[PDB]
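Given as structure tokens, the chain that follows is alone and in the form deposited without the partner chain.
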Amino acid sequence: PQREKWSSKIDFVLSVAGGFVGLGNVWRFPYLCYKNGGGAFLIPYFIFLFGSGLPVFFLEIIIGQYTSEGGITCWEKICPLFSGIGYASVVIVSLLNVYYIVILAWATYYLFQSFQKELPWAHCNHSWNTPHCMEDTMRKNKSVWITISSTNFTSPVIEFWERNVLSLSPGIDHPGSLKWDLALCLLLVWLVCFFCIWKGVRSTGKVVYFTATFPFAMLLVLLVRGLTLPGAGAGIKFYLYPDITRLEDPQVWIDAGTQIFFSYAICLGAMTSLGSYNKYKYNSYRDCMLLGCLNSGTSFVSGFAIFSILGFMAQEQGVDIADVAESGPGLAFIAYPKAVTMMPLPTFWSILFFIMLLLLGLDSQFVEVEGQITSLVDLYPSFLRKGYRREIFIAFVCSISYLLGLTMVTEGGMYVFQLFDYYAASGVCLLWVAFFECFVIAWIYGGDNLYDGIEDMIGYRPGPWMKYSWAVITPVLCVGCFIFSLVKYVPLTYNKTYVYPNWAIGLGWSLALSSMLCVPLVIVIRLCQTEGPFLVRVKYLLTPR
């Protein structure tokens, strides 16, 4: 039927920017970079960015424009047999939506805690803080720390994150009592998401100019502060300098490549839908490439701020930069609050920073949720619309997503969240989907043939850059990284201290496999449903419907 077209050009640019700019740049990139030793992460991240990321991200926009369909139905138009890619993308979003909304929930909890005379993370006087708590300034003092032994003393910010916000249990094995305070916060984030999606994204556009700007503005203040903070240079040096030994290890490549696919929201089908709304004759090539620069740029800039603060923390604590914070999702929630403590009028700034996180994440969440809803409706549009069931489907998806979300808001919730984050919507699942989409477009549809289509749409022939990426560079990268993970296998660990139970690792592979399995399974299912000689069936299916 009718397809919505973004007004002018801004309605599209802002929406895509909201899509790929969010907690992936702020929360995820620093955490992955920290766990993978600074620059050692950057070389894979950049090789993937201009080799696989930027091309595939544009690819999704192009197919959206040309097909004029949602991410699932789009694949049937291009290559009917491989419609598995569209289904795989949906499973991947659903899992992402569940975990992504919990990062936002922690921020909501933080915002509520931000409203008090003394910031909670500032001192060890608080009840949650254990006997092993010492203020960073006290640690800096030689008399308090160097003179007097204090085994395993932890920064109050770390204790507050670990023992108040998370109530970390010893392990995933014991989930512990569901934390009511966090669950209520999770409900609040979900309620905002459901209601905003109910009313649609039209309301957001009128004020977007300010809402998009506020995060960039707040990030800039944090950036200025960290560099001003003493010890900033060591943090920047750790960030920038690349360790060649780590490059040899497979883990870094997988985390970096997937971060590119997670940050740009490639293979989550979200980008394809945005492209579909965009008009046929639009120079998306110019816009998407410019937009991409922003995503990587903001990730790189947010990185400088996080690392400079870590350098400051390292100075005062006396610990090495590698060990000063959690090597995990907690890093954004540990480093940045410390910066706020140092800022003048810290209470005022803390509220600002958490609001930024909420705005950045919620905008991304709305797009992902909207994309999931639209693709699912696309499968049976007539059936859903006539009924009031479509009107409730959004509620149904949110309610289920909240209920599965509960597992991550328990005391042992972080362990489940880390399992989800590495295994689902990151890991090999994104790599598998990426290879498959590139393989189909480049080899079956014809990359050179697509170029003819793109050239008509954007008004000029695209540079050979993309064609060689979809054909050879993205496939080789994705297959090779997957091959390493199988060849040299290290099970995931939390903060380098928690060996995961065999069952949990298996459960995680079940999260990754279900999405990965979709594409082969649908290939098999399609072939079976079609009738005729197998060669004839393959040929009929391969040709675009």
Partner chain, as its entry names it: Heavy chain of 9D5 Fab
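Just so we're on the same page, rigid core means the largest C-alpha set that superposes within 1.5 Å between forms. Numbering follows the first chain given and starts at 1.
Of the other compared PDB entries of this protein that include residues on both sides, at least a third leave residue 146 without atoms.
The form deposited with the partner chain bound is left out here; the points below concern that form.
Note on the partner interface in the bound PDB entry: the residue among 396, 383, 280, 388 having a heavy atom within 4.5 angstroms of the partner chain is 280. Only one of 419, 356, 458, 208 comes within 4.5 Å of the partner chain in the bound PDB entry through a heavy atom, and that residue is 458.
Of the candidate stretches 133-141, 109-117, 280-288, 78-86, only 280-288 has residues whose heavy atoms lie within 4.5 Å of the partner chain in the bound PDB entry. Using a 4.5 angstroms threshold between heavy atoms, residue 66 counts as touching the partner chain in the bound PDB entry.
Annotation: the position in 279, 123, 385, 77 displaced by at least 2 Å at CA between the shown form and the other one, with the core superposed, corresponds to 385.
Superposition on the rigid core between the shown form and the other one places the CA atom of residue 204 2 Å or more away from its counterpart. In the bound PDB entry, the CA atoms of residue 99 and residue 202 draw together by 3 angstroms or more relative to this form. With a change of no less than 3 Å, the CA-CA distance between residue 205 and residue 18 is larger in the bound PDB entry than in the form shown.
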